[PDB]
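For reference, the structure discussed in these notes is given below.
Here the Cβ is made from the backbone with ideal geometry for all residues, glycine too, and neighbour counts use every protein chain on show. Values quoted throughout were computed directly from the atomic coordinates according to the rules given, and no laboratory measurement underlies them.
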Amino acid sequence: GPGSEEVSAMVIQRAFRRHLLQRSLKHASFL
Amino acid sequence: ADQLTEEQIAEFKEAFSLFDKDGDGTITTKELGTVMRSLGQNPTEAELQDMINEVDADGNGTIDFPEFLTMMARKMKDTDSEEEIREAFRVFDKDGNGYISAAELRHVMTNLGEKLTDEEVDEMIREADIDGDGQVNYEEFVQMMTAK
């Protein structure tokens, strides 16, 4: 499986892509 | 996880079994709003009534232990949280200073995980590098990503 460093990077990336979703609405198919 | 576990069920049984006043393995729909709040949560009357509509569909006015555990299984999720994001930065802060460099944040996003796009990286840099004055102030950047 992936490394501890790799899943830590992916947690920051997922939180940042949620921040981008609320800022820019480019993938806002949720509603 | 996206679902409940035996070690969680073993604790929820102790609370549910105090409201099992009939001894049959059931609670009422009015005790549901007691037991979920006595477990330290605080859902609304509307959220409680919507979870009742999902189990009182038979019209019996009662809830079996596994039907109550479906509500708890649906409440478990793998989604983001400040206590999860903060540890990822704390793992990368090998010096323990409470700050990292813009070079480290660029590297740990472009090399590790899936490789983040340069237009996403340069935005993640901008909003932290301005606030931490040439360093990344990750401790407050955790909040700016998930505040509501």
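So what is the relative contact order of chain B, in percent, for Cα pairs below 8 Å that sit 6 or more residues apart?
22
Under a point-charge model restricted to the Cβ atoms of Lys and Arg (+1) and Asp and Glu (-1), what is the dipole moment magnitude of region B:1-77 relative to its Cα centre, in debye to the nearest 20?
260
Quick one, can you get me the convex hull of the C-alpha atoms of chain B expressed as volume per residue in Å³?
Per residue, the Cα convex hull of chain B comes to 164 Å³.
Tell me the mean residue ellipticity at 222 nm calculated for chain B from its helices only (DSSP H runs of n ≥ 4, each -39500 (n - 2.57), averaged over every residue, nearest 500).
-16500 deg cm²/dmol
Determine, for the protein assembly as shown, the count of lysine pairs separated by eight or more sequence positions (or lying on different chains) whose alpha-carbon distance falls under 26 Å.
Value for the protein assembly as shown: 14.
Of B:145, B:121, B:97, which is farthest along the charge dipole of region B:78-148 in the positive direction, counting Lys and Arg as +1 and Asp and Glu as -1 at C-beta?
About the Cα centre, the residue reaching furthest to the positive side is B:97.
Where does helix B:65-75 land angle-wise versus the long Cα axis of chain B, in degrees 0 to 90, nearest 10?
For B:65-75 against chain B, the angle is about 20 degrees.
Please list, in order along region B:85-97, the HN-Hα scalar couplings obtained from phi with the Karplus expression 6.51 cos²θ - 1.76 cosθ + 1.60 (θ = phi - 60°), rounded to whole Hz, x for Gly and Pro.
Listing the rounded values in order: 5, 4, 5, 4, 5, 5, 4, 7, 7, 5, 8, x, 7 Hz.
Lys and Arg at +1, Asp and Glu at -1: add these up for the other residues within a Cβ distance under 9 Å of residue A:20 and post the number.
+2
Cα convex hull of region B:1-77: mean projected area in nm², to one decimal?
Over all viewing directions, region B:1-77 projects a mean Cα-hull area of 5.0 nm².
Along region B:119-134, what does the Karplus equation 6.51 cos²θ - 1.76 cosθ + 1.60 (θ = phi - 60°) give for ³J(HN,Hα), rounded to whole Hz, x for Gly and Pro?
Once rounded to whole Hz, the list reads 6, 7, 4, 5, 6, 4, 4, 3, 6, 8, 5, 5, 6, x, 6, x.
Just the ratio, please: alpha-carbon radius of gyration of the protein assembly as shown over 2.2 N^0.38 Å, N its number of residues.
That works out to 1.38 for the protein assembly as shown.
Give the long-range amide H neighbours of residue B:132: residues separated by 5 or more places, or on another chain, with amide H under 5 Å away, using H modelled in the peptide plane at 1.01 Å from N.
For residue B:132, the qualifying residues are B:137.
What's the average, rounded to a whole number, of partner chain beta-carbon atoms within 10 Å of each residue's beta-carbon in A:2-9?
6
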